[PDB]
(Lines of atoms letter the chains of each structure in order from A and count residues from 1; the text may use other names and numbers.)
(Lines give C-alpha, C1' and ligand atoms only; values in the text may rest on other atoms or scores of the structure.)
Protein backbone atom coordinates (compact mmCIF):
# COMPACT_ATOMS: atom_id res chain seq x y z
CA UNK A 1 0.00 0.00 0.00
CA UNK A 2 1.59 3.18 -1.28
CA UNK A 3 1.64 6.65 0.22
CA UNK A 4 1.80 9.70 -2.10
CA UNK A 5 5.56 10.26 -2.14
CA UNK A 6 5.19 13.57 -3.81
CA UNK A 7 2.31 15.59 -5.11
CA UNK A 8 4.03 18.95 -5.38
CA UNK A 9 3.90 20.92 -8.64
CA UNK A 10 6.11 18.82 -10.90
CA UNK A 11 7.87 21.85 -12.47
CA UNK A 12 7.75 25.39 -13.69
CA UNK A 13 4.36 26.66 -12.56
CA UNK A 14 4.40 29.24 -15.33
CA UNK A 15 4.89 26.57 -18.00
CA UNK A 16 2.36 24.09 -19.58
CA UNK A 17 2.10 21.07 -17.29
CA UNK A 18 4.52 22.64 -14.80
CA UNK A 19 1.83 23.04 -12.17
CA UNK A 20 0.82 19.36 -12.43
CA UNK A 21 0.87 17.27 -9.26
CA UNK A 22 0.39 13.96 -11.13
CA UNK A 23 2.99 12.26 -13.31
CA UNK A 24 0.81 9.52 -14.63
CA UNK A 25 -2.41 7.55 -14.24
CA UNK A 26 -3.45 6.74 -10.70
CA UNK A 27 -5.83 3.74 -11.24
CA UNK A 28 -3.22 1.17 -10.47
CA UNK A 29 -1.86 2.89 -7.38
CA UNK A 30 -5.41 3.32 -6.04
CA UNK A 31 -6.14 -0.38 -6.68
CA UNK A 32 -3.08 -1.09 -4.49
CA UNK A 33 -4.54 1.12 -1.77
CA UNK A 34 -7.73 -0.95 -1.42
CA UNK A 35 -7.71 -3.64 1.32
CA UNK A 36 -10.50 -4.99 3.49
CA UNK A 37 -8.16 -7.05 5.63
CA UNK A 38 -8.35 -6.34 9.37
CA UNK A 39 -6.51 -3.44 10.90
CA UNK A 40 -4.41 -4.43 13.86
CA UNK A 41 -3.85 -0.76 14.90
CA UNK A 42 -5.56 2.56 14.33
CA UNK A 43 -3.95 5.98 14.53
CA UNK A 44 -6.50 8.86 14.31
CA UNK A 45 -4.99 12.34 13.84
CA UNK A 46 -7.40 15.22 14.48
CA UNK A 47 -6.45 18.76 13.47
CA UNK A 48 -8.54 21.20 15.52
CA UNK A 49 -10.71 23.20 13.11
CA UNK A 50 -8.45 22.16 10.25
CA UNK A 51 -10.89 22.16 7.38
CA UNK A 52 -9.79 22.46 3.76
CA UNK A 53 -9.23 26.23 3.97
CA UNK A 54 -6.94 25.96 6.95
CA UNK A 55 -4.95 23.23 5.15
CA UNK A 56 -4.62 25.40 1.98
CA UNK A 57 -3.48 28.38 4.03
CA UNK A 58 -0.83 26.40 5.94
CA UNK A 59 0.47 24.83 2.70
CA UNK A 60 0.65 28.17 0.80
CA UNK A 61 2.55 29.67 3.74
CA UNK A 62 4.92 26.84 4.66
CA UNK A 63 5.40 24.92 1.39
CA UNK A 64 4.18 27.31 -1.25
CA UNK A 65 1.12 27.07 -3.44
CA UNK A 66 2.68 24.25 -5.55
CA UNK A 67 3.97 22.65 -2.33
CA UNK A 68 2.97 19.34 -0.74
CA UNK A 69 2.62 18.39 2.96
CA UNK A 70 4.60 15.12 3.26
CA UNK A 71 2.17 13.97 5.95
CA UNK A 72 -1.22 15.67 5.62
CA UNK A 73 -1.28 15.54 1.82
CA UNK A 74 0.28 12.12 1.40
CA UNK A 75 -2.87 10.13 2.31
CA UNK A 76 -4.31 8.50 -0.86
CA UNK A 77 -7.99 7.86 -0.07
CA UNK A 78 -9.91 11.05 0.60
CA UNK A 79 -13.45 12.29 0.96
CA UNK A 80 -15.68 14.79 2.68
CA UNK A 81 -17.68 14.23 5.87
CA UNK A 82 -20.59 16.02 7.52
CA UNK A 83 -20.48 16.90 11.25
CA UNK A 84 -23.76 18.60 12.19
CA UNK A 85 -24.91 18.39 15.81
CA UNK A 86 -28.43 18.07 17.30
CA UNK A 87 -30.53 20.52 19.15
CA UNK A 88 -31.01 19.01 22.68
CA UNK A 89 -34.67 20.10 22.93
CA UNK A 90 -36.11 19.49 19.41
CA UNK A 91 -33.72 16.80 18.25
CA UNK A 92 -33.45 18.54 14.87
CA UNK A 93 -30.02 19.22 13.33
CA UNK A 94 -27.85 22.06 14.64
CA UNK A 95 -25.83 22.87 11.51
CA UNK A 96 -22.81 24.17 13.38
CA UNK A 97 -21.33 21.85 15.99
CA UNK A 98 -18.72 22.58 18.68
CA UNK A 99 -15.67 20.45 19.56
CA UNK A 100 -17.57 18.50 22.18
CA UNK A 101 -20.47 17.19 20.07
CA UNK A 102 -18.26 16.33 17.08
CA UNK A 103 -15.72 14.53 19.26
CA UNK A 104 -18.64 12.55 20.68
CA UNK A 105 -19.94 11.69 17.27
CA UNK A 106 -16.82 9.91 16.11
CA UNK A 107 -15.91 8.52 19.48
CA UNK A 108 -19.30 6.80 20.13
CA UNK A 109 -21.24 6.77 16.83
CA UNK A 110 -24.12 8.83 18.10
CA UNK A 111 -24.98 12.44 17.42
CA UNK A 112 -25.47 14.74 20.44
CA UNK A 113 -26.10 18.33 21.54
CA UNK A 114 -23.38 20.93 21.59
CA UNK A 115 -21.33 20.82 24.74
CA UNK A 116 -21.98 17.16 25.56
CA UNK A 117 -19.23 14.57 26.17
CA UNK A 118 -19.96 10.86 25.80
CA UNK A 119 -23.74 11.19 26.10
CA UNK A 120 -26.68 11.59 23.72
CA UNK A 121 -29.51 14.16 23.69
CA UNK A 122 -31.12 12.25 26.58
CA UNK A 123 -27.89 12.45 28.53
CA UNK A 124 -27.50 8.74 28.22
CA UNK A 125 -23.92 7.44 28.24
CA UNK A 126 -22.54 5.51 25.29
CA UNK A 127 -19.17 3.68 25.36
CA UNK A 128 -16.34 5.26 23.38
CA UNK A 129 -14.01 3.64 20.90
CA UNK A 130 -11.16 3.78 23.41
CA UNK A 131 -13.15 2.04 26.14
CA UNK A 132 -14.20 -0.58 23.64
CA UNK A 133 -10.67 -1.02 22.42
CA UNK A 134 -9.38 -1.33 26.01
CA UNK A 135 -12.09 -3.80 26.83
CA UNK A 136 -10.95 -5.96 23.87
CA UNK A 137 -7.46 -6.06 25.25
CA UNK A 138 -5.92 -3.53 22.88
CA UNK A 139 -3.50 -0.87 24.11
CA UNK A 140 -4.84 2.71 24.01
CA UNK A 141 -3.28 6.15 23.67
CA UNK A 142 -4.82 9.65 24.00
CA UNK A 143 -2.31 12.38 22.95
CA UNK A 144 -3.00 16.08 22.56
CA UNK A 145 -1.30 19.47 22.71
CA UNK A 146 -4.37 20.94 24.47
CA UNK A 147 -5.55 20.41 28.03
CA UNK A 148 -6.46 16.79 28.59
CA UNK A 149 -9.85 18.01 29.90
CA UNK A 150 -10.73 19.73 26.70
CA UNK A 151 -13.48 18.28 24.35
CA UNK A 152 -11.29 16.27 21.87
CA UNK A 153 -9.05 14.25 24.23
CA UNK A 154 -11.76 14.24 26.96
CA UNK A 155 -14.40 12.64 24.77
CA UNK A 156 -12.61 9.28 24.72
CA UNK A 157 -12.65 8.83 28.46
CA UNK A 158 -15.44 11.13 29.93
CA UNK A 159 -19.21 11.15 29.97
CA UNK A 160 -20.58 14.47 31.16
CA UNK A 161 -23.50 16.72 30.37
CA UNK A 162 -21.19 19.69 29.82
CA UNK A 163 -17.64 20.02 28.54
CA UNK A 164 -16.95 22.60 31.24
CA UNK A 165 -16.93 20.02 34.03
CA UNK A 166 -13.15 19.79 34.09
CA UNK A 167 -12.57 18.98 37.76
CA UNK A 168 -14.58 18.66 40.98
CA UNK A 169 -15.29 22.36 41.32
CA UNK A 170 -16.85 22.89 37.93
CA UNK A 171 -18.64 19.62 37.96
CA UNK A 172 -20.64 20.34 41.13
CA UNK A 173 -21.88 23.55 39.57
CA UNK A 174 -22.25 22.50 35.96
CA UNK A 175 -22.79 18.70 36.15
CA UNK A 176 -24.45 17.95 39.51
CA UNK A 177 -25.61 14.64 38.07
CA UNK A 178 -22.00 13.68 37.25
CA UNK A 179 -20.65 15.13 40.47
CA UNK A 180 -18.90 12.44 42.50
CA UNK A 181 -20.18 13.81 45.83
CA UNK A 182 -23.71 13.45 44.31
CA UNK A 183 -23.20 9.78 43.37
CA UNK A 184 -22.21 10.70 39.76
CA UNK A 185 -19.23 9.18 37.84
CA UNK A 186 -17.06 12.22 38.47
CA UNK A 187 -15.57 15.17 36.54
CA UNK A 188 -13.71 14.89 33.28
CA UNK A 189 -10.36 14.51 34.99
CA UNK A 190 -11.66 11.95 37.55
CA UNK A 191 -13.25 9.87 34.80
CA UNK A 192 -10.00 10.11 32.83
CA UNK A 193 -8.13 8.62 35.84
CA UNK A 194 -10.73 5.85 35.99
CA UNK A 195 -10.61 5.10 32.27
CA UNK A 196 -6.91 4.26 32.55
CA UNK A 197 -5.68 4.42 28.98
CA UNK A 198 -2.10 3.08 28.73
CA UNK A 199 -0.73 6.37 27.34
CA UNK A 200 -2.22 9.83 27.95
CA UNK A 201 0.04 12.87 27.06
CA UNK A 202 -0.97 16.56 26.99
CA UNK A 203 -1.42 19.73 29.01
CA UNK A 204 -4.06 20.39 31.70
CA UNK A 205 -1.83 19.80 34.77
CA UNK A 206 -3.68 22.64 36.51
CA UNK A 207 -6.88 20.73 37.18
CA UNK A 208 -4.89 17.84 38.62
CA UNK A 209 -4.33 20.17 41.58
CA UNK A 210 -8.00 19.95 42.68
CA UNK A 211 -8.97 17.63 45.51
CA UNK A 212 -11.67 14.94 45.21
CA UNK A 213 -14.87 15.85 47.04
CA UNK A 214 -15.60 12.16 47.64
CA UNK A 215 -14.57 8.56 47.29
CA UNK A 216 -11.41 6.69 48.28
CA UNK A 217 -9.20 9.63 47.43
CA UNK A 218 -11.46 12.21 48.95
CA UNK A 219 -9.18 14.97 50.21
CA UNK A 220 -6.28 14.04 47.93
CA UNK A 221 -5.42 16.01 44.78
CA UNK A 222 -6.12 14.32 41.44
CA UNK A 223 -2.36 14.38 41.01
CA UNK A 224 -1.95 12.44 44.29
CA UNK A 225 -4.72 10.06 43.24
CA UNK A 226 -2.93 9.29 39.89
CA UNK A 227 0.26 8.33 41.71
CA UNK A 228 -1.68 6.22 44.13
CA UNK A 229 -3.61 4.59 41.22
CA UNK A 230 -0.31 3.43 39.68
CA UNK A 231 0.30 5.98 36.97
CA UNK A 232 3.79 7.10 35.85
CA UNK A 233 3.81 10.89 35.88
CA UNK A 234 6.03 12.71 33.45
CA UNK A 235 6.27 16.47 33.02
CA UNK A 236 9.05 16.92 30.48
CA UNK A 237 10.67 15.48 27.41
CA UNK A 238 13.61 13.93 29.28
CA UNK A 239 11.48 12.00 31.72
CA UNK A 240 9.20 11.01 28.82
CA UNK A 241 12.06 9.52 26.85
CA UNK A 242 13.02 7.62 30.01
CA UNK A 243 9.71 5.71 29.81
CA UNK A 244 10.22 2.15 28.57
CA UNK A 245 6.94 0.51 29.47
CA UNK A 246 3.35 1.75 29.61
CA UNK A 247 0.61 -0.72 30.46
CA UNK A 248 -2.45 -1.30 32.56
CA UNK A 249 -0.23 -1.90 35.57
CA UNK A 250 1.87 1.19 34.90
CA UNK A 251 -0.23 3.51 32.81
CA UNK A 252 1.58 6.66 31.58
CA UNK A 253 0.39 10.19 32.23
CA UNK A 254 2.34 13.08 30.68
CA UNK A 255 1.30 16.54 31.93
CA UNK A 256 3.60 19.01 30.13
CA UNK A 257 1.73 22.27 30.82
CA UNK A 258 -0.74 23.91 33.22
CA UNK A 259 -3.09 24.42 30.28
CA UNK A 260 -2.40 24.05 26.58
CA UNK A 261 1.11 23.28 25.40
CA UNK A 262 3.17 26.18 23.89
CA UNK A 263 2.42 27.36 20.33
CA UNK A 264 5.00 26.71 17.62
CA UNK A 265 4.94 30.13 16.00
CA UNK A 266 4.39 33.59 17.32
CA UNK A 267 2.79 36.34 15.29
CA UNK A 268 0.37 39.26 15.75
CA UNK A 269 -3.43 38.99 15.86
CA UNK A 270 -5.45 39.73 12.67
CA UNK A 271 -6.96 43.18 12.70
CA UNK A 272 -9.42 45.47 10.90
CA UNK A 273 -7.91 46.35 7.50
CA UNK A 274 -4.69 44.75 8.67
CA UNK A 275 -3.75 43.73 5.14
CA UNK A 276 -3.92 47.42 4.22
CA UNK A 277 -2.73 49.27 7.26
CA UNK A 278 -0.12 46.87 8.55
CA UNK A 279 2.87 45.28 6.70
CA UNK A 280 3.07 41.64 5.71
CA UNK A 281 3.83 39.32 8.57
CA UNK A 282 6.48 36.65 8.70
CA UNK A 283 5.91 34.13 11.47
CA UNK A 284 8.60 33.48 13.99
CA UNK A 285 9.34 30.45 16.18
CA UNK A 286 8.18 30.68 19.73
CA UNK A 287 11.14 30.82 22.08
CA UNK A 288 9.11 29.32 24.89
CA UNK A 289 8.30 26.19 22.92
CA UNK A 290 11.35 24.67 24.70
CA UNK A 291 13.66 21.66 24.25
CA UNK A 292 12.08 20.57 27.54
CA UNK A 293 8.64 20.41 25.96
CA UNK A 294 7.98 17.39 23.76
CA UNK A 295 6.46 18.20 20.38
CA UNK A 296 3.28 16.61 19.06
CA UNK A 297 5.50 14.52 16.78
CA UNK A 298 7.66 13.37 19.67
CA UNK A 299 4.71 12.42 21.81
CA UNK A 300 3.28 10.56 18.76
CA UNK A 301 6.54 8.74 18.34
CA UNK A 302 6.88 7.77 22.03
CA UNK A 303 3.19 6.72 22.05
CA UNK A 304 3.63 4.40 19.07
CA UNK A 305 6.81 2.97 20.64
CA UNK A 306 5.05 1.98 23.85
CA UNK A 307 1.64 0.98 22.41
CA UNK A 308 3.53 -1.04 19.90
CA UNK A 309 4.59 -3.68 22.47
CA UNK A 310 0.98 -4.89 22.77
CA UNK A 311 0.64 -8.02 20.64
CA UNK A 312 -3.08 -7.49 20.21
CA UNK A 313 -2.77 -4.06 18.69
CA UNK A 314 -3.61 -0.50 19.71
CA UNK A 315 -5.76 2.54 19.21
CA UNK A 316 -4.18 5.96 19.34
CA UNK A 317 -5.81 9.34 18.97
CA UNK A 318 -3.53 12.40 18.40
CA UNK A 319 -4.65 16.01 18.39
CA UNK A 320 -2.97 19.03 16.87
CA UNK A 321 -4.90 21.28 19.17
CA UNK A 322 -3.77 24.88 19.31
CA UNK A 323 -4.91 25.25 15.62
CA UNK A 324 -8.57 26.32 16.27
CA UNK A 325 -7.68 28.26 19.44
CA UNK A 326 -5.39 30.41 17.25
CA UNK A 327 -8.11 30.41 14.58
CA UNK A 328 -10.55 31.72 17.22
CA UNK A 329 -7.90 34.24 18.36
CA UNK A 330 -7.63 35.34 14.71
CA UNK A 331 -3.89 34.61 14.88
CA UNK A 332 -2.64 33.29 11.45
CA UNK A 333 0.76 32.31 12.65
CA UNK A 334 -0.40 30.27 15.62
CA UNK A 335 -3.03 28.57 13.47
CA UNK A 336 -0.62 27.80 10.58
CA UNK A 337 2.15 26.68 12.91
CA UNK A 338 -0.24 24.23 14.56
CA UNK A 339 -0.94 22.66 11.17
CA UNK A 340 2.75 22.22 10.45
CA UNK A 341 3.05 20.59 13.91
CA UNK A 342 0.28 18.12 12.97
CA UNK A 343 1.87 17.36 9.67
CA UNK A 344 5.06 16.26 11.38
CA UNK A 345 2.94 13.96 13.56
CA UNK A 346 1.08 12.54 10.57
CA UNK A 347 4.47 11.73 9.06
CA UNK A 348 5.63 9.78 12.03
CA UNK A 349 2.35 7.89 12.01
CA UNK A 350 2.56 7.19 8.29
CA UNK A 351 6.13 5.84 8.50
CA UNK A 352 5.13 3.36 11.16
CA UNK A 353 1.96 2.38 9.34
CA UNK A 354 3.86 1.97 6.12
CA UNK A 355 6.42 -0.43 7.65
CA UNK A 356 3.86 -2.21 9.91
CA UNK A 357 1.35 -2.94 7.14
CA UNK A 358 -1.75 -3.35 9.27
CA UNK A 359 -2.29 0.09 10.63
CA UNK A 360 -5.19 2.36 9.49
CA UNK A 361 -4.14 6.03 9.71
CA UNK A 362 -6.89 8.66 9.47
CA UNK A 363 -6.33 12.48 9.42
CA UNK A 364 -9.29 14.85 9.67
CA UNK A 365 -10.83 17.68 11.74
CA UNK A 366 -13.67 17.93 14.27
CA UNK A 367 -15.40 20.83 12.48
CA UNK A 368 -14.54 23.75 10.17
CA UNK A 369 -13.37 27.21 11.12
CA UNK A 370 -13.61 30.86 10.08
CA UNK A 371 -10.37 31.42 8.08
CA UNK A 372 -10.66 32.34 4.41
CA UNK A 373 -7.77 33.10 2.01
CA UNK A 374 -8.83 36.33 0.18
CA UNK A 375 -7.33 38.64 -2.52
CA UNK A 376 -4.58 40.81 -1.15
CA UNK A 377 -6.30 44.22 -1.79
CA UNK A 378 -9.39 43.00 0.05
CA UNK A 379 -11.37 45.44 2.25
CA UNK A 380 -13.08 42.99 4.51
CA UNK A 381 -15.46 43.80 7.38
CA UNK A 382 -13.63 41.64 9.86
CA UNK A 383 -10.02 40.89 10.87
CA UNK A 384 -7.23 40.43 8.23
CA UNK A 385 -3.50 39.93 7.94
CA UNK A 386 -1.02 39.72 5.09
CA UNK A 387 1.54 36.99 5.29
CA UNK A 388 4.80 36.47 3.50
CA UNK A 389 4.64 32.96 1.98
CA UNK A 390 7.46 30.57 1.15
CA UNK A 391 6.70 31.60 -2.45
CA UNK A 392 7.93 35.07 -1.60
CA UNK A 393 4.45 36.40 -2.27
CA UNK A 394 1.65 37.80 -0.12
CA UNK A 395 -1.34 35.83 1.16
CA UNK A 396 -4.14 37.56 3.01
CA UNK A 397 -6.19 35.83 5.67
CA UNK A 398 -9.66 36.85 6.81
CA UNK A 399 -11.71 36.09 9.83
CA UNK A 400 -15.14 37.62 9.27
CA UNK A 401 -17.72 35.39 10.94
CA UNK A 402 -17.82 37.03 14.40
CA UNK A 403 -17.73 40.42 15.99
CA UNK A 404 -17.05 39.06 19.48
CA UNK A 405 -13.32 38.47 18.76
CA UNK A 406 -13.43 34.68 18.95
CA UNK A 407 -13.90 33.58 15.39
CA UNK A 408 -16.60 31.01 15.44
CA UNK A 409 -16.76 27.55 13.88
CA UNK A 410 -18.65 26.86 10.65
CA UNK A 411 -20.68 24.02 9.26
CA UNK A 412 -18.93 23.22 6.02
CA UNK A 413 -18.30 19.55 5.26
CA UNK A 414 -14.57 18.89 5.32
CA UNK A 415 -11.82 16.58 4.12
CA UNK A 416 -11.19 13.18 5.67
CA UNK A 417 -8.21 11.23 4.39
CA UNK A 418 -6.86 7.81 5.23
CA UNK A 419 -4.33 5.09 4.50
CA UNK A 420 -4.29 1.36 5.27
CA UNK A 421 -6.88 -1.41 5.74
CA UNK A 422 -10.47 -0.12 5.42
CA UNK A 423 -9.42 3.36 4.37
CA UNK A 424 -11.84 2.98 1.49
CA UNK A 425 -14.62 3.87 3.96
CA UNK A 426 -13.70 7.53 4.02
CA UNK A 427 -14.00 8.07 0.23
CA UNK A 428 -17.07 9.98 -1.01
CA UNK A 429 -19.62 11.61 1.29
CA UNK A 430 -19.76 10.15 4.78
CA UNK A 431 -20.87 11.24 8.25
CA UNK A 432 -18.60 11.82 11.22
CA UNK A 433 -20.58 9.00 13.03
CA UNK A 434 -19.51 6.64 10.20
CA UNK A 435 -15.99 7.17 11.36
CA UNK A 436 -16.81 5.40 14.67
CA UNK A 437 -18.29 2.46 12.81
CA UNK A 438 -15.27 2.27 10.43
CA UNK A 439 -12.75 2.15 13.24
CA UNK A 440 -14.95 -0.33 15.23
CA UNK A 441 -15.19 -2.71 12.28
CA UNK A 442 -11.60 -2.25 11.02
CA UNK A 443 -10.47 -3.19 14.45
CA UNK A 444 -12.98 -6.07 14.60
CA UNK A 445 -14.29 -4.75 17.91
CA UNK A 446 -16.93 -7.08 19.29
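Positions refer to the first chain, counted from 1.
Stretches 435-443 and 4-12 differ in mean C-alpha B factor, with the higher average recorded for 4-12.
Just going by the entry, 250-258 versus 93-101 on mean CA temperature factor gives the higher value to 250-258.
Of all the options 348, 196, 278, 269, the entry's greatest CA B-factor is assigned to 278.
Among 408, 391, 52, 32, the highest C-alpha B-factor in the deposited entry belongs to 408. Residue-level temperature factors show residue 40 in the lowest third of its chain, judged at the C-alpha atom. In the deposited entry, the Cα temperature factor of residue 428 sits in the bottom third of values across the chain's modelled residues. Sort the modelled residues of the chain by CA B factor and residue 18 lands in the lowest third. Ranked by C-alpha B-factor against the other modelled residues of its chain, residue 167 falls in the highest third. The PDB entry assigns residue 420 a C-alpha temperature factor belonging to the lowest third of its chain's modelled residues.
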